[PDB]
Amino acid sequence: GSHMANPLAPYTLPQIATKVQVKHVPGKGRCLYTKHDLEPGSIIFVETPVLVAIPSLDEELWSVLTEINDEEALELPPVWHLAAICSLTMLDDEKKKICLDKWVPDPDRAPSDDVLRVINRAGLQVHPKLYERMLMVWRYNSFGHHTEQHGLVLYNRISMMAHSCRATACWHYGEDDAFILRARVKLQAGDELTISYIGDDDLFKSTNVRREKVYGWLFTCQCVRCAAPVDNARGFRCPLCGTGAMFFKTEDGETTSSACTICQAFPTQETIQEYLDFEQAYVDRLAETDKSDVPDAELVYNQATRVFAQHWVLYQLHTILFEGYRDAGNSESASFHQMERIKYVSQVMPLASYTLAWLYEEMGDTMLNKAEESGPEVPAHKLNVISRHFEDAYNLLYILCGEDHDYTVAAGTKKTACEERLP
């Protein structure tokens, strides 16, 4: 008999914890649905912030916080703490309960070292437990300010939208930090409205990376992109045929591959591990590669083409090279790399994005420059082609930020100028 007690005896809470695992609801805790039919680009609603935490909101407290930070660095930068404290002191009791009951990864978290130190050093009256609660509500529910670099903004209804790597809704800031929410796609009444918790600088990357970016909200993303059978953002050059793409995919810590697009062969697990090592090596190299040294980026790109076929690392190298060539006035190769960028993004992330729209616009710029090196009279055909790209940019920006937005009117301006120069 190896029983230490009767197995039917009631457990203690620690003993229960040994057997089972509670999972708290994925951030940000709620789903939001449209009540009506929406056409692409139409406004769903516009929301004013609960609070805009700016140094300008309380610079007394700001100087104090920055000086506390300079003496002993604090885990979250000062802005998060100005936001939290001003959320506990500046709003009404109701506004307060609106932010305290938003989603948080650790509801019962004890006050951190940082929190108690701020309370004692700045001598404030707010409860440490609520101070902690609020620092995480803004860590996991706010948006970065549009212009001011140490600024953040919280909204109430916006936090109700679940995450998706292929979001149904897009957004942009209005004039007084208004949050303008638009339909990114055609929607029917009752459809879910989702936004990307992850920035556009990572949305074009592969499933493993995006999942790493949203793990903080304590879920493994299973959105339509993230759960797709083929991760077409993670393609390696097949070593058998030398030209097709094999797309890798990681689930439960194990990586598998699609069959090569051309020769239909599957790589062995040993080849998969080999190319995962290559992948990590080039991810590391990307941090040392940039547009101020184009020869170096050319070296890295040449080496990377042997490893990658339609991969976000290769897209990043195309980006570096395009910006380097564009800055140097070399429209010829900038053109090639920009066309590869358009190919990649339209395969991997086809819905309207600022990245794609400005890919089309900047392709228009590059083509127009290259053409104008032959003289101002650019032939009709070329003009039309250039115009098409500008138009595409317009068409996407129209959906993302509206007819009269500065981006949209810029793209449309270039388009109509192109038409103006037509015979």
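Residue numbers run from 1 along the displayed sequence.
On average, are the C-alpha B-factors higher in 123-131 or in 328-336? The deposited B-factors put 123-131 ahead on the C-alpha mean.
Out of 172-180 and 146-154, which one has CA B-factors that are higher on average in the deposited record? Between 172-180 and 146-154, it is 146-154.
Can you tell me which of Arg306, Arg117, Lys343, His318 has the highest Cα temperature factor in the record? Highest C-alpha B-factor among the listed options: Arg117.
I'd like to know which of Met363, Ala393, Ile43, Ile54 has the highest C-alpha temperature factor in the PDB entry. That would be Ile54.
Classify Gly235 as lowest, middle or highest third according to the C-alpha B-factor given in the PDB entry, relative to its own chain. Lowest third - that is where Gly235 ends up once the chain's C-alpha B-factors are sorted.
Where does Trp217 sit by CA temperature factor within its chain: lowest, middle or highest third? Middle third by C-alpha B-factor.
Third of the chain, ranked by Cα B-factor, where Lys35 sits: According to the entry, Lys35 has a C-alpha B-factor in the chain's highest third.
Third assignment of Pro107 from its chain's C-alpha B-factors: For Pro107, whose C-alpha B-factor we compare with every modelled residue in the chain, the answer is the highest third.
Cα B factor band for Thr48 (lowest, middle or highest third within the chain): Highest third.
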